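Asks: Below is one structure. I have some questions about it.
Cβ sites come from the backbone with ideal geometry, for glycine too, and all protein chains shown count toward neighbours. Read-outs throughout are calculated quantities, based only on the coordinates presented, and are distinct from any laboratory measurement.
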Amino acid sequence: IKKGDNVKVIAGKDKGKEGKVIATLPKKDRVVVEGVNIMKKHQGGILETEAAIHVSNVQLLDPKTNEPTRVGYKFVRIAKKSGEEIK
RNA sequence: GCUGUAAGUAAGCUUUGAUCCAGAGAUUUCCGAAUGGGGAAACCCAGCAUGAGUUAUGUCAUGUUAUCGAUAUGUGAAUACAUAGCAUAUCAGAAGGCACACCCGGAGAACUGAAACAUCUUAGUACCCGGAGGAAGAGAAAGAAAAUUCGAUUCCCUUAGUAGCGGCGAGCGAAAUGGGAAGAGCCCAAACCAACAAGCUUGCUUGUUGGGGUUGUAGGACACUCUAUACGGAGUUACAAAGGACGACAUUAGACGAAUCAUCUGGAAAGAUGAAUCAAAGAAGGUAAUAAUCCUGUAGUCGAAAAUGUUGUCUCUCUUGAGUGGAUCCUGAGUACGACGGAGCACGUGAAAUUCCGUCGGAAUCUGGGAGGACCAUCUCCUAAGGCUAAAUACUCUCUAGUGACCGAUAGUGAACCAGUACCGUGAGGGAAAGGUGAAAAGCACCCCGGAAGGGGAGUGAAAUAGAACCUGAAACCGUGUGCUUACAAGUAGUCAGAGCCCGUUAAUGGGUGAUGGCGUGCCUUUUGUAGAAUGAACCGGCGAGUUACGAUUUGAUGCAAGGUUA
RNA sequence: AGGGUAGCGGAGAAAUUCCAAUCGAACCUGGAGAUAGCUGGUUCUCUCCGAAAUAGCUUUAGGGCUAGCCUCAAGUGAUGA
RNA sequence: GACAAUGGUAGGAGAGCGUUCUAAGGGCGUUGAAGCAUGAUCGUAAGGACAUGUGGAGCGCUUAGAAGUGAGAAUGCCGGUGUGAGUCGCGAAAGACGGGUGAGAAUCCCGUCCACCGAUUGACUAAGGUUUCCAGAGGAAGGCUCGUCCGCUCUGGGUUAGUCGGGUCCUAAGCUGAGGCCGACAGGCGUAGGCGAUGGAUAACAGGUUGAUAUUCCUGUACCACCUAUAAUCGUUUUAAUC
RNA sequence: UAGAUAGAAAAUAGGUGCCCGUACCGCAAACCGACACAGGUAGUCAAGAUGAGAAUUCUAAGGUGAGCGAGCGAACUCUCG
RNA sequence: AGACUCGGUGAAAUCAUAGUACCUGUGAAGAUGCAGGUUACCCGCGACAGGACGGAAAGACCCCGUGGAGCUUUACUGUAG
Ligand SMILES: [Mg+2]
Ligand SMILES: [Mg+2]
Ligand SMILES: [Mg+2]
Ligand SMILES: [Mg+2]
Ligand SMILES: [Mg+2]
Ligand SMILES: [Mg+2]
Ligand SMILES: [Mg+2]
Ligand SMILES: [Mg+2]
Ligand SMILES: [Mg+2]
Ligand SMILES: [Mg+2]
Ligand SMILES: [Mg+2]
Ligand SMILES: [Mg+2]
Ligand SMILES: [Mg+2]
Ligand SMILES: [Mg+2]
Ligand SMILES: [Mg+2]
Ligand SMILES: [O]
Ligand SMILES: [O]
Ligand SMILES: [O]
């Protein structure tokens with residue numbers, strides 16, 4: 001439900017980090033974001049592409065802090081905890 | 001975001017709202033009841049009309065073409081009449097399929113039990129056939145019963161394994177009174193009238209509609225008195241007559257949907273440590289390890305353009321309802337009943353009622369007839385010989401939502417995976433084995449030997465002795481090395497004693513080996529008795545055999561007590 | 001080569017021979033977990049007690065029933081040896 | 001503290017251990033669960049703890065309840081592994097040499113010789129099987145050895161008809177069979193007609209050609225039916241030409 | 001012949017001509033026989049010398065060398081002289 | 001030709017554990033496994049075949065079963081016709 005906005009990945013390899021997302025993959029439920037870099041290899045010794053994680057993620061717009069995203073009233077449109085700006 | 005499982009590549013689509021979800025609609029090749037003919041199922045061959053293309057034939061497109069019946073036609077003649085037949089047209093008719101379930105009907109067995117068996121039982125079960133339903137059957141008293149009588153049917157309890165049937169053996173087995181679930185009663189036939197009809201006896205009667213009328217405490221007709229009036233009404237489309245309008249509710253896609261931060265460990269926290277929060281939501285599952293406060297979610301609330309289903313009110317239809325009197329008529333005929341053979345009723349021919357079947361005989365008409373377990377009498381009750389009928393009930397191929405002191409890959413569906421498959425058989429038919437990498441594919445770049453395969457290295461990853469025949473990885477079985485020991489030796493193979501050599505524990509009367517001596521004929525089963533040359537086991541792993549309901553009986557406990565107890 | 005007859009049956013130059021490698025009555029499914037007085041098998045330890053192989057009847061003698069002989073819990077109460 | 005008993009099958013009575021699950025309570029667990037393995041330990045027994053290694057996520061304990069509750073033996077079912085055994089066999093048969101290939105050849109290709117069948121181990125078709133056919137690669141298993149090869153795998157590719165066998169022609173045996181006769185239902189019989197060839201009738205030959213097709217392709221030469229176009233014969237639509 | 005129907009077409013030119021099957025083995029390695037199995041598997045052609053002859057012996061056409069072999073040359077079994 | 005040695009490939013019915021003598025005796029009354037004596041260094045390979053009451057086939061003979069089928073008849077009871 002996300003198309004390249006901000007997040008804070010909290011509960012994975014290394015946390016406290018943020019970044020912006022690529023394909024959400026609705027079926028596998030796995031998003032692509034800067035924060036994991038597999039050492040893939042083809043015939044280079046390594047490749048350093050970008051890999052995915054399950055949704056252990058959260059958004060942050062006004063508080064500059066993770067909150068439970070909360071799609072609220074119809075004006076649909078997002079309406080977060082403390083502040084209500086677009087997703 | 002998408003182009004299924006099923007990767008991958010390339011081409012492309014998508015806020016001008018894809019894909020996806022739900023409802024309607026359009027298409028829906030061929031076989032198959034198969035239906036134009038034929039046919040080895042999925043092929044072939046035609047016909048007629050119309051219409052494509054040819055100069056023209058060949059060739060094609062669409063439509064149409066079976067049988068049966070049941071209506072309307074014409075036509076029919078072996079015989080003149082006119083029927084049998086014949087050609088044509090109409091029908092949303094039927095045929096078939098199935099859920100091996102539940103129901104009714106036709107037909108209908110044997111092993112077995114009886115300690116054998118023929119009566120009998122199993123059983124009126126199985127399978128077969130047929131029909132219909134979503135439920136069926138039954139059904140509104142020619143009952144039950146014996147009183148302060150009740151007044152369709154069905155099912156559950158109970159009466160009762162009682163009364164009874166029975167080579168009186170096996171065994172079989174009610175019904176009623178009573179307590180409950182559901183509760184519903186109605187139309188014909190007939191005598192009477194009108195109409196039309198052939199015989200018109202110019203007598204009226206039969207033939208067809210409409211009325212008319214539906215019963216035991218007798219009723220209707222017929223005669224008479226009032227109600228109603230084309231309606232005051234009851235209507236009730238689930239019987240009772242068969243048609244149609246218009247609101248509410250549920251279903252088939254969905255949405256909202258409160259709440260948490262940090263330190264340590266970690267590859268990774270959802271854990272420990274602390275301090276905080278929501279609760280109509282601490283159900284559940286997933287999330288790199290065990291989460292109410294990360295996601296999906298739940299409590300609760302909202303929501304349907306269209307379609308369906310059930311319900312409601314006006315339309316809608318359709319309808320007279322009682323009473324008396326009973327002069328005269330009517331109350332279901334080759335029926336009821338009897339005998340003869342049989343079946344079925346719990347009931348085997350028994351004294352055997354009551355009900356059905358076949359042959360044959362053969363009643364009555366309300367001052368009538370049937371029953372009340374042979375049969376007659378009195379008494380009591382009911383009125384066949386015509387028909388319809390919801391619910392209560394039985395089952396679940398299937399769907400929705402749920403659940404389990406149910407299984408967790410030799411269990412459980414046979415089937416967790418590409419299974420009614422491979423396979424076997426001519427064929428009916430029978431029938432397999434086979435789950436798991438990791439959190440994520442990050443699925444081993446690169447070097448080296450090698451023809452390859454395979455491997456050693458290097459790297460991804462916490463771990464690759466997790467590397468695809470990939471979690472864990474036992475035992476059999478096979479090896480490699482090694483401490484001790486073994487080449488004059490008669491061995492169910494061990495045990496007891498014990499020197500020598502070596503080693504040091506879940507640290508105690510230690511452990512490994514064992515020159516030599518004493519002693520000693522496996523295990524179960526079955527047996528008068530077995531080393532047994534009587535049987536079975538090749539080894540090891542798994543699997544695998546006194547269970548459950550109902551009832552009787554006793555034992556122990558427990559509660560009550562001349563009372564106790566519920567279905 | 002194409003066809004027929006099908007098991008309470010058929011066909012048989014007849015032997016109880018053939019009927020999809022089987023025939024003193026084929027084959028598959030269902031009744032059906034048929035029946036068996038017969039054989040075989042019956043899973044984890046200890047403690048206490050402890051037999052019989054006889055009588056009778058049995059279309060019975062390798063089975064059964066009753067009495068004997070055992071065990072357990074009550075009762076009797078010195079009756080037993 | 002004394003006294004006495006304590007072998008034991010069928011079998012009777014009694015007390016007991018552990019597994020799976022449930023309920024409740026209380027606890028353990030990445031600072032490594034379960035299981036597994038090793039061990040010189042506890043208990044009278046069935047059995048249970050402990051330490052260590054491997055293992056990588058759930059488990060114990062007390063009380064009680066319900067059980068698909070225990071397996072050495074069924075000529076038991078299934079699975080795996082041996083024993084026999086590197087033992088019998090390797091499925092009639094005459095091959096040898098050279099040269100190539102290849103990582104590697106008694107077995108593969110090439111040739112020369114030799115031997116064998118020859119009313120045939122030859123050539124052609126039917127039934128039958130279903131792509132085995134041909135080319136190019138490959139050798140994991142199959143081939144009763146080896147294999148650089150195949151009828152095995154992978155990729156690609158191959159079957160041409162107016163005259164041929166057959167259908168649009170016929171029919172027996174037999175099968176089906178409108179109406180119809182019969183039967184408890186099912187269904188059984190059977191006329192009309194219809195299907196059904198191994199038979200009857202039916203218009204074609206020779207050569208060439210591909211790694212793989214041949215009366216099918218081309219090359220030449222022929223035939224039957226049919227339509228269209230064209231004319232030398234007909235003359236009531238009779239009869240005559242004519243169907 | 002009943003019947004159709006105005007009234008042909010000699011030989012000429014031109015064209016039109018459907019479905020199935022067709023590969024391969026087919027006394028075999030490919031069919032039935034569970035096997036790349038010493039079995040069966042209808043039919044057609046079937047040459048040469050010798051011979052009555054499709055018999056027999058040896059050869060054409062053409063096809064094959066049989067899917068384990070090398071040693072030694074004992075028992076024993078089998079096949080032949 | 002097989003067997004036999006070497007190379008290649010590589011099964012099976014069976015199988016309680018085994019380091020598996022003989023005699024005379026005992027014994028379920030015919031012993032590798034017991035008692036008493038006797039002889040025998042450990043391990044092979046090729047041959048024979050007395051024993052392993054050897055294997056294979058839950059004895060085809062005999063008997064039992066209140067087992068079963070087929071068949072006969074002036075056995076019973078019934079029946080189609
Ligand atoms: Mg219809
Ligand atoms: Mg009678
Ligand atoms: Mg009668
Ligand atoms: Mg398992
Ligand atoms: Mg035992
Ligand atoms: Mg004896
Ligand atoms: Mg004969
Ligand atoms: Mg049985
Ligand atoms: Mg007794
Ligand atoms: Mg075992
Ligand atoms: Mg050579
Ligand atoms: Mg063919
Ligand atoms: Mg052959
Ligand atoms: Mg000759
Ligand atoms: Mg050898
Ligand atoms: O059985
Ligand atoms: O059985
Ligand atoms: O049985």
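Asks: Filtering the stretch A:78-87 down to residues that are out of contact with any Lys or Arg (no Cβ under 9 Å at 6 or more places or on another chain) and more than 10 Å from RNA strand B (Cβ to nearest atom), which residue is farthest from residue A:2 (Cα to Cα)?
Replies: In this case the residue turns out to be A:83.
Asks: Do we have residue A:9 as more than 7 Å from RNA strand B (Cβ to nearest atom) and either surrounded by 15 or more Cβ atoms within 10 Å (Cβ to Cβ) or on the phi > 0 side of the Ramachandran plot (or both) here?
Replies: When the stated conditions are applied, residue A:9 passes them.
Asks: Hey, can you tell me all the residues within the stretch A:12-30 that are of a type in the set (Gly, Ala, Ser), on the phi > 0 side of the Ramachandran plot and within 8 Å of RNA strand B (Cβ to nearest atom)? Show your work before the answer.
Replies: As a first pass, look at the stretch A:12-30 and keep what is of a type in the set (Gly, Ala, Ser): A:12, A:16, A:19, A:23.
Remaining after also requiring on the phi > 0 side of the Ramachandran plot: A:16, A:19.
Correct list: A:16 only.
Asks: Kindly list the number of the only condition in (1) near RNA strand B (Cβ under 10 Å from one of its atoms); (2) of a type outside the set (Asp, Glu); (3) surrounded by fewer than 11 Cβ atoms within 10 Å (Cβ to Cβ) that fails for residue A:75.
Replies: The number of the failed condition is (1).
Asks: Provide a single number: the residues in the stretch A:31-72 that are touching a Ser or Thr at 6+ places or on another chain (Cβ under 8 Å), under 19 Å from residue A:6 (Cβ atoms) and either near RNA strand B (Cβ under 8 Å from one of its atoms) or not β-branched (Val, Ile, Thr) (or both).
Replies: The total comes to 5.
Asks: Additional query: Looking at the structure I just gave you, is residue A:55 under 15 Å from the mean Cα position of the chain (by Cα) and surrounded by 14 or more Cβ atoms within 10 Å (Cβ to Cβ)?
Replies: Values: under 15 Å from the mean Cα position of the chain (by Cα): yes; surrounded by 14 or more Cβ atoms within 10 Å (Cβ to Cβ): no.
Spelling it out, it is not the case that residue A:55 is under 15 Å from the mean Cα position of the chain (by Cα) and surrounded by 14 or more Cβ atoms within 10 Å (Cβ to Cβ).
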